[PDB]
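Structure, as structure tokens:
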Amino acid sequence: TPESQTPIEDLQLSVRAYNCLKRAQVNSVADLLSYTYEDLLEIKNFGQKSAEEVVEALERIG
Amino acid sequence: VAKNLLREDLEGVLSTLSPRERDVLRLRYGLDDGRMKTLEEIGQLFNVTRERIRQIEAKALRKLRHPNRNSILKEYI
Amino acid sequence: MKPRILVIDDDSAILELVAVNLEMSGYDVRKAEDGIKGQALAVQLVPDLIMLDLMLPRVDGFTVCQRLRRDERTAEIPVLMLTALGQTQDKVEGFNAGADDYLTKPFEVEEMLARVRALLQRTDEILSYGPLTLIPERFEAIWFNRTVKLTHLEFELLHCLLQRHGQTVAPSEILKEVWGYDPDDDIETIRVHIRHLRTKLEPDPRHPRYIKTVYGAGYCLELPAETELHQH
Amino acid sequence: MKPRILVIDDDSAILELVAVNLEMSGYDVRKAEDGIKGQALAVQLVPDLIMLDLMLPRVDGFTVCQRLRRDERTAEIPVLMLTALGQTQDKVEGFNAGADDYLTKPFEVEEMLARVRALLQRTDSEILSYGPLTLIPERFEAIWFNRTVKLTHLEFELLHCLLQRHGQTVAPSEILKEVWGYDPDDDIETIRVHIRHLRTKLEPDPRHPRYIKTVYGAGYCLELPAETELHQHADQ
DNA sequence: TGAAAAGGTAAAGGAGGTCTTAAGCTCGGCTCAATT
DNA sequence: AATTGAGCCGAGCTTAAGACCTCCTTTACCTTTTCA
């Protein structure tokens, strides 16, 4: 869908969460959808609060 | 062909054990010479005396008895 | 196999003492009463070690050692020369004989056996430190002057830490050594047992002095040197 | 090459006698006055022989020998132990340390050289110590002159990275790549924070840093005084 | 002299590892019949 | 004699929740340089 091609820069993530995802080579919404909540928690220095922030951002884009 | 295969599997799980432990086990079952040795021969050959090799043997077996690092051999029975 | 030792000495009493002591230590001993027979036996048997007298009749021990070093079959066999140490000339000639070590007569049997052990370790546990002594047969620790009973896992954990005294041991290493488990198994169990050790060993378990936690690295056993026991 | 011999002894007079006699025999001699520095030098240099005193401060000679035997890089290096030989208990404990030979003090120089020759005939990469610093990887600690400083993992790795390039300017991108494995283009500002912590632990005045210098526009440099100057800096 | 431009310091907040207890189990020792 | 396994117990062992202390990250605001 056009929302799944959105670059993660438009997710308005925190600079910490954004830099951790970008360090994990996650570049598209499809890539992030390829990770589970557990896989998100396995991301180095990604915390529960940052996963909640990502969930809220995804809900912001539906 | 079921003899060469077995030893390899056994040797692998033995490698996981500490050097002293595996040596103790090999000597207490005669895996090299076919002759089981007592405590006392390893008591003299090895550094510490008798009543020490028994503890090493038990502390090795308890490691092997765990479901990890040894589960293939269960089918050999 | 049992290591083979060739003893060459014209003193039948010294030769017998050495042979008996080596056999009690589990070695296969061969004996020769003269340098010619000794050399022939060395050539025939290729022993794992030669112990060689100095004052053999007809052929001095230095010539014997040089001939052993000249024969490709014996050139690599270690030679422990026994010497009465009394003249600088025998020293200067030993400096050319190719001996691997010297043992002064009279010698302690334990020193001889130590040299033999080192040579054999070349061809191919901490039970006490400062205030801690391990008693394996009873799974007990002497801690300063008090006896502390340990469980099997508490004892093995304390032993693992003592083996690496002053170094930080990683939780994966503890799992591998004590439990034999995969590095990826739950390390939380270790966290429990370390606490028991502290409860048994520290004066205040909340401020552990000896069994330190190195955050992100593991646990370290730091023991005072024997010179400091009077202050603790 | 010239065989490398590491002599470890707290008796400066014995250490000097041994060093002079070995140099006269044509060897490259390295000296350490304590067991921790001796261990660090052994690990860094992988000498062809170690001569090890028994009664070293802070770390006994047995523990030093055992640790050398525990490191795969040093396990094969021959160890000639120097011992004052006087109690059967030190004998019994040496019987388990894994020493290759013993030499009783006082010793004859000719005997010492004979043992050295026999050990050398039998035998046939990181800077962990420089000047006022010993690095202790196993404990994430630094000996700085004579004081122990506890470091975090990243602070320790940063200090090590700087020590590897002592006297050279290290770029922030190089620090990121070596210590963090991050892309050269990631935010270097985080490093700037941790550098002050090192200064807070190591400088006499963190506001006027003498040793951890900033090369403006280039990065950070660890400049350590040579051993000949240590006596002028400990009082600071 | 004014002005980029980099380099520091003190927070706030989070992330991660390391400790503490209520629930439950199972494991070895001790005795003690019962035997090859 | 030597093992041996069996019941009957509480000592050793594991599980799960919660709190809680280092380590790290990133910000807001500065100070401190090299240069037109």
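All residue names refer to the structure tokens as shown: chains lettered A, B, ... in order, residues numbered from 1 in each chain, ligands numbered from 1 in order.
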Original post:
Hey, what's within 10 Å of stretch 33-35 of chain F if we count only C-alpha atoms (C1' of nucleotides) and toss same-chain stuff fewer than 6 positions away? As a ChimeraX atom specification, please?
Top reply: /D:216-217 /E:3-7
Subject >> Residue hits in chain C, query chain D, radius 10 Å, only C-alpha atoms, as an MDAnalysis selection string >> reply: chainID C and resid 76 78 91:92 94:95 98:102 110:111 113:115 117:119 121:123 125:129 163:169 214:220 224:225
Show which residues sit within 12 Å of stretch 27-41 of chain B, as a tab-separated table (two decimals) with C-alpha atoms, in the first residue's frame. Count only C-alpha atoms (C1' of nucleotides), and ignore same-chain residues fewer than 5 positions away.
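What ended up in result_38.tsv:
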chain	number	residue	atom	x	y	z
B	7	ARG	CA	32.60	-43.70	19.10
B	10	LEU	CA	30.57	-40.32	22.17
B	11	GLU	CA	33.88	-38.50	21.64
B	14	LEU	CA	33.13	-36.01	25.79
B	20	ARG	CA	40.41	-33.71	33.35
B	21	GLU	CA	36.81	-34.95	33.48
B	22	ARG	CA	36.92	-36.61	30.06
B	46	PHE	CA	47.05	-38.57	38.24
B	47	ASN	CA	47.90	-35.69	40.57
B	48	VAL	CA	45.47	-36.21	43.44
B	49	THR	CA	44.92	-39.54	45.20
B	50	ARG	CA	41.89	-41.82	45.64
B	51	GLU	CA	38.47	-40.47	46.74
B	52	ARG	CA	39.16	-37.54	44.40
B	53	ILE	CA	38.62	-39.33	41.07
B	54	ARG	CA	35.18	-40.49	42.27
B	55	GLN	CA	34.08	-36.87	42.70
B	56	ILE	CA	35.35	-35.98	39.22
B	57	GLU	CA	33.54	-38.99	37.76
B	58	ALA	CA	30.25	-38.00	39.39
B	60	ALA	CA	31.24	-35.42	34.84
B	61	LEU	CA	28.36	-37.88	34.67
C	1	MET	CA	51.62	-45.79	28.12
C	2	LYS	CA	53.93	-45.52	31.11
C	24	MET	CA	56.59	-46.10	42.89
C	25	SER	CA	55.81	-43.05	40.74
C	26	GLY	CA	54.53	-45.36	38.00
**OP:** Give the residues of chain A that lie within 12 Å of chain F; count only C-alpha atoms (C1' of nucleotides), and format the answer as a ChimeraX atom specification.
**Re:** /A:14-17,19-20,44-46
Restrict the selected residues to N, CA and C atoms and save them as a PDB file, in the first residue's frame.
ATOM      1  N   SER A  14      11.657   8.806  17.715  1.00  0.00           N
ATOM      2  CA  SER A  14      12.704   9.454  18.490  1.00  0.00           C
ATOM      3  C   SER A  14      14.052   9.222  17.819  1.00  0.00           C
ATOM      4  N   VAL A  15      14.950  10.199  17.968  1.00  0.00           N
ATOM      5  CA  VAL A  15      16.286  10.089  17.389  1.00  0.00           C
ATOM      6  C   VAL A  15      16.998   8.826  17.855  1.00  0.00           C
ATOM      7  N   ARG A  16      16.743   8.388  19.088  1.00  0.00           N
ATOM      8  CA  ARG A  16      17.364   7.159  19.571  1.00  0.00           C
ATOM      9  C   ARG A  16      16.768   5.939  18.878  1.00  0.00           C
ATOM     10  N   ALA A  17      15.438   5.822  18.886  1.00  0.00           N
ATOM     11  CA  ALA A  17      14.784   4.693  18.232  1.00  0.00           C
ATOM     12  C   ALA A  17      15.087   4.684  16.740  1.00  0.00           C
ATOM     13  N   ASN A  19      17.704   5.974  15.187  1.00  0.00           N
ATOM     14  CA  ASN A  19      19.086   5.587  14.929  1.00  0.00           C
ATOM     15  C   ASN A  19      19.323   4.110  15.203  1.00  0.00           C
ATOM     16  N   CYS A  20      18.586   3.519  16.145  1.00  0.00           N
ATOM     17  CA  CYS A  20      18.754   2.091  16.395  1.00  0.00           C
ATOM     18  C   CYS A  20      18.168   1.257  15.263  1.00  0.00           C
ATOM     19  N   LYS A  44      19.405  -4.059  19.556  1.00  0.00           N
ATOM     20  CA  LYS A  44      20.336  -3.558  20.561  1.00  0.00           C
ATOM     21  C   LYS A  44      19.974  -2.144  20.996  1.00  0.00           C
ATOM     22  N   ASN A  45      19.729  -1.984  22.297  1.00  0.00           N
ATOM     23  CA  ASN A  45      19.303  -0.750  22.953  1.00  0.00           C
ATOM     24  C   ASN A  45      17.890  -0.324  22.581  1.00  0.00           C
ATOM     25  N   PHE A  46      17.138  -1.158  21.868  1.00  0.00           N
ATOM     26  CA  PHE A  46      15.710  -0.925  21.694  1.00  0.00           C
ATOM     27  C   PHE A  46      14.967  -1.434  22.922  1.00  0.00           C
TER      28      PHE A  46
END
**OP:** as an MDAnalysis selection string, list the residues of chain A assigned to helix (DSSP H, G or I) by DSSP on the backbone atoms of this structure.
**Re:** chainID A and resid 8:11 15:23 29:33 37:42 48:60
**OP:** Skip stretch 227-236 of chain D itself and residues of its chain fewer than 3 positions away, then list as a PyMOL selection string all residues within 12 Å of it, counting only C-alpha atoms (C1' of nucleotides).
**Re:** chain D and resi 32+129-133+144-147+202-205+210-211+224
Enumerate, in order of chain and increasing residue number, the residues of chain C with an atom no farther than 9 Å from chain F, each with its shortest atom pair and distance in Å to one decimal, counting only C-alpha atoms (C1' of nucleotides), as CSV.
residue,atom,partner,partner_atom,distance
C:151,CA,F:12,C1',7.3
C:152,CA,F:12,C1',8.7
C:189,CA,F:14,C1',8.0
C:215,CA,F:22,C1',7.2
